[PDB]
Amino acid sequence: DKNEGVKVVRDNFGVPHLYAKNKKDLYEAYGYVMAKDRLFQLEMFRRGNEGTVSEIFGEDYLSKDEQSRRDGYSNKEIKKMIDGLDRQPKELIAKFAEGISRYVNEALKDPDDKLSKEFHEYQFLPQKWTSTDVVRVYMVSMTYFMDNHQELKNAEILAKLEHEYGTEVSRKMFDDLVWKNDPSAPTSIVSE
């Protein structure tokens, strides 16, 4: 639970095919090859959930940084929730952050050749990565597909229709616009 060693084969399209002797090493190299390929993108995706994009790109993204923090979690809250994981997932996520951090160090030692142009243009440096950062980069995207306030947009549509047509007619339109059922909608499940 301390030795190491992983081979990395890059195909004609640059995809890394990793070959380890245990998962702890596999998931360390997993995070390394990805940082080597997408360091700035990973930096900025973490910054999205952390609410730190305005540090780099200005007040245009303040509203976004403000939303990801009022709905997000602190570091302690995330560390608490990572601590509630099973043994193996918790450790492989950590080794994943170590893999990313491995390349971050490698880039800071050879910035001209291993640090992407975005860091040079906007002159800032990538930060090291812990398991919290990996979870944040997961939250920045996956939560976008479940987070919304369409309920409040539905109440707005219903109100403007009520101030125009009255309660009787307004609810009829709304039940057609935002319906409750629609029994003829195509489905994915059909035949047991």
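Start at 1 and count along the sequence shown; that's the residue number.
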Practice task
Determine, for stretches 17-25 and 167-175, which one has the higher mean CA B-factor as deposited.
Solution key: 167-175
Fill in the blank from the handout: Averaging the C-alpha temperature factors as deposited, the higher value of 110-118 versus 93-101 falls on 110-118
Practice task
Among 147, 37, 59, 133, single out the one with the highest C-alpha B factor in the record, please.
Solution key: 59
Exercise for the section: Ordered by C-alpha B-factor within the chain, which third holds residue 188? Give me lowest, middle or highest, please. Expected result: middle
Problem - Assigned third (lowest, middle, highest) for the C-alpha B factor of residue 69 - result: highest
Exercise for the section: Divide the modelled residues of the chain into thirds by Cα B-factor and specify which third, lowest, middle or highest, holds residue 52. Expected result: lowest
Fill in the blank from the handout: Of the three thirds of the chain ranked by Cα temperature factor, residue 153 occupies the middle
Completion exercise
residue 125: CA temperature factor from the record, placed by chain third, in the middle
